[PDB]
Amino acid sequence: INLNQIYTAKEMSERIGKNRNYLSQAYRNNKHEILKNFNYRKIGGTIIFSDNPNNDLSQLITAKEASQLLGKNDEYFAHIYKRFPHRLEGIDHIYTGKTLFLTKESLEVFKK
Ligand SMILES: [Br-]
Ligand SMILES: [Br-]
Ligand SMILES: [Pt+2]
Numbered sequence: 004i005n006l007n008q009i010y011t012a013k014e015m016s017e018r019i020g021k022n023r024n025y026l027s028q029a030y031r032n033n034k035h036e037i038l039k040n041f042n043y044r045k046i047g048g049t050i051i052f053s054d055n056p057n058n059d060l061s062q063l064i065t066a067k068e069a070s071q072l073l074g075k076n077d078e079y080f081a082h083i084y085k086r087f088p089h090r091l092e093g094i095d096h097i098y099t100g101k102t103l104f105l106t107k108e109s110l111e112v113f114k115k
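Residue numbers (PDB author numbering): 4 to 115.
Below you can see the structure in the form of structure tokens.
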């Protein structure tokens with residue numbers, strides 16, 4: 004997964020020249036004839052898109068889920084990211100749509 008190619012539905016909507024709510028509308032109103040052309044996935048409360056068809060979005064997990072998997076407070080990774088960002092150097096992550104995301108692989112790297 005290339006985390007430089009990861010956007011919210013609103014940002015992806017602008018990236019394809021449409022109003023900010025275009026993909027959110029397509030999702031809410033089940034316009035699959037539209038949705039089928041995109042690489043996207045529901046991840047937590049965000050619909051995440053990539054303009055790269057090869058990005059495996061199933062690798063992306065919320066920092067909240069990652070925190071819970073480690074047996075920590077929901078805000079464990081969010082807290083560390085805010086105050087001590089160097090701790091996530093070498094750890095694949097992205098903050099977008101006011102949400103921190105890690106990957107399945109980078110969670111494993113973090114544990115080591
Ligand atoms: Br916090
Ligand atoms: Br905080
Ligand atoms: Pt905090």
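We put the CB at the ideal spot given by N, CA and C, even for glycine.
Exercise for the section: Have a look at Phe104 and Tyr98 and give me their C-alpha separation to the nearest angstrom. Expected result: Here residue 104 corresponds to residue number 101 of the sequence shown, with the count starting at 1. Here residue 98 corresponds to residue number 95 of the sequence shown, with the count starting at 1. Whole-angstrom Cα-Cα distance: 6 Å.
Exercise for the section: Tell me whether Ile19 is buried or exposed, calling it buried when 16 or more other Cβ atoms sit within 10 Å of its Cβ. Expected result: Within the sequence shown, residue 19 is the residue found at index 16, counting from 1. Exposed: under 16 other Cβ atoms inside 10 Å.
Practice task
Would you check whether ligand 3 has a heavy atom nearer than 8 Å to the C-beta of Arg90?
Solution key: Indexing the sequence shown from 1 puts residue 90 at position 87. Checking the Cβ of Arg90 against ligand 3 gives no.
Handout entry: Burial state of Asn58 (16 or more Cβ within 10 Å)
Key = Counted from its first residue, the sequence shown places residue 58 at position 55. Buried.
Handout entry: For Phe104, three-class secondary structure by DSSP
Key = Sequence index remark: in the sequence shown, residue 104 carries index 101 (1-based). Reduced to three states, the DSSP call for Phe104 is strand.
Exercise for the section: Answer with buried or exposed for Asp54, where buried requires no fewer than 16 other C-beta atoms within 10 angstroms of its C-beta. Expected result: Locating residue 54 in the sequence shown gives position 51, counting from the first residue. Looking at its Cβ environment, which holds fewer than 16 other Cβ atoms inside 10 Å, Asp54 is exposed.
Practice task
Count the CB pairs spanning the region 44-53 and the region 15-35 that are closer than 8 Å, and state whether there are at least three.
Solution key: yes
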